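So this one's two forms of a single chain, laid out as structure tokens and tagged structure 1 and structure 2.
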Structure 1
């Protein structure tokens, strides 16, 4: 009789432990995925900025070739 109220608590904790473990692993996966895309995105932005830096320079030169 009182062993059932204790089986039911172990079940509830079993569910809470499972949910807890899962969330931990989900957080790791999210972060690993986010790092991956941020590394890619920053490499594309970094080259976009290099190209712009050269276009601005060539433009500063073209302004002085006309006084």
Structure 2
């Protein structure tokens, strides 16, 4: 009759806490997925630039050797 309303307040506080937890977690996950996507893109570009540079260094070294 009066202890019960306090216990209902505690229950509601628990459900609220759990909801806020779930939200914070979902925002965190979403953010992490965005960061993983961005990093994948960047590393793709960088990997391309590195590959092209390796090709160019190979050609150059071949030329240098041709003059030995």
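Under this definition, the rigid core comprises the largest set of C-alpha atoms superposing within 1.5 Å between the forms. Residues that one form lacks are left out of the comparison. Residue numbers count along the first chain shown, from 1.
- The residue among 45, 59, 15, 51 whose Cα moves by 2 angstroms or more between the two structures, once the core is superposed, is 15.
- We note a C-alpha movement of 7.5 Å at residue 6 between the two structures, with the rigid core held in register.
- Listed alone, the one run of 3 or more residues present in both forms whose C-alphas shift by at least 2 angstroms between the two structures, with the core superposed, is 1-23.
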